[PDB]
Structures are given as structure tokens and as C-alpha cells.
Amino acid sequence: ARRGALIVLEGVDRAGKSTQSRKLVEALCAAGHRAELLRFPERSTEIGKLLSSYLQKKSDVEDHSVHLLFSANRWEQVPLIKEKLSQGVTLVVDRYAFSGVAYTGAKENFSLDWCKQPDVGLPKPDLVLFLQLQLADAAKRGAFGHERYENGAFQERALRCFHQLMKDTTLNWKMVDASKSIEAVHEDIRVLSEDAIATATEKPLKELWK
């Protein structure tokens, strides 16, 4: 069975990741592919509720612990992800390990190396779209929500970390100009996605950061 592609959407807050993830799954299915949507954090599981509570500022969680929970929340969906991809379903994922390193990496005294480790070995994405746009334009998209990390200084430090993670060519990173219109951004991501789906069927699923 021809495997599906693992596609990840990354980017700062308000970059359009959730809107484009949804629209990408709808377009791929309308085009005859079997595609499904996933997101991280996956807030429906027991670890997911601890995470959701933390982000809603309803609870405080020690920073290394919260980093590890974000990773475990990915490992708990790995058996499903592998199962689906091997069945031929392409998965479109709104945030993944990159967000996990970039957001904890924005906290002082958290090295990029330490942050990466828990995620070493996850399914390696076939494509990582980075939805680029000036944090200034992003701010034009209404106001900041009330969740943890939803402020300018934190976003700025996470973008810097994302810039470090892009210097790793082992991954198929693709920059997307997220400043355009929802439909324009969508057309770009769809075209990149169709190309990746075609090629993923040729090489086995690899492991991240290893």
C-alpha cells in the first residue's frame, strides 16, 4: 500500500495555521486523496487537558514538566499516525515538534538541544510548511488571545528559535508567504502538498532528529 504523506504546518501565532490546515484537508479530499487533520497540542487526552489548563492559565506547571508533557502528547498519537500513513492516508498536522522546541526555547536557560531530545524519534514529516509573516502583520489580525505565550515578546523569541530549526536541512522545510489572502496562501500550500504526497509514496517514513 502506497503510504500517505505527513505534512506539518508551523509558524507564529495568527500565521493562519489552523485556517490553512483545515482548508488543505478539504482541498486534498475534494481532489480524491484520503487526507485527515491532526493538531498539537491534542487537548482531548488526559495529558491534553493538563496542557489546555496550563495554556488557559488555569494551572501553573513547572517548565521542564510542561515541555515533556507537550512531547508525550505527540508520542501518544504515534501508533495512530503510523497506522494511518501506512494505510495510505495523508495527515495534515497543525503544529508539531518544531513548535514544541520553539516555544520552550523562548524561555531562558532552555537549550535547543535539550528541547529537541524528547521528540527525537517521532515520525519525520515529509513536508514542513512554515507560514511566514511579520509579527507586525500578524498583530493586525485582530488582538492577542488570552492564552499563555500570546504576547509579543514571547512570540518574538519563539520566531528566533524557529529560525534556528530551519538551519537543519535534514528536513523538507518550505517557506510560505502567509501575508497573502486566505485563498492565495491556500493555493501555494496545496500545490506544495500535492507534490509532497506524490513523492512520499517513494521513500519510507523516517525518524525525526536522528
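Numbers follow the displayed sequence, beginning with 1.
Stretches 54 to 62 and 181 to 189 differ in mean CA B factor, with 54 to 62 having the higher one.
Two stretches are in play, 122 to 130 and 108 to 116, and the higher mean C-alpha B-factor belongs to 108 to 116. Comparing C-alpha B-factors across 149, 173, 162, 70 in the deposited entry, the largest value falls on 149. Among 38, 166, 28, 47, the highest C-alpha B-factor recorded in the PDB entry belongs to 166.
In the PDB entry, a CA B factor belonging to the middle third of its chain's modelled residues is recorded for residue 21. Residue 80: CA B factor in the middle third of modelled residues in this chain (values from the PDB entry). Ranked within its chain, residue 43 lands in the middle third, by CA B factor from the PDB record. Looking at the C-alpha B-factors along this chain, the one for residue 208 belongs to the lowest third. In the PDB entry, residue 138 places in the highest third of its chain by CA B-factor.
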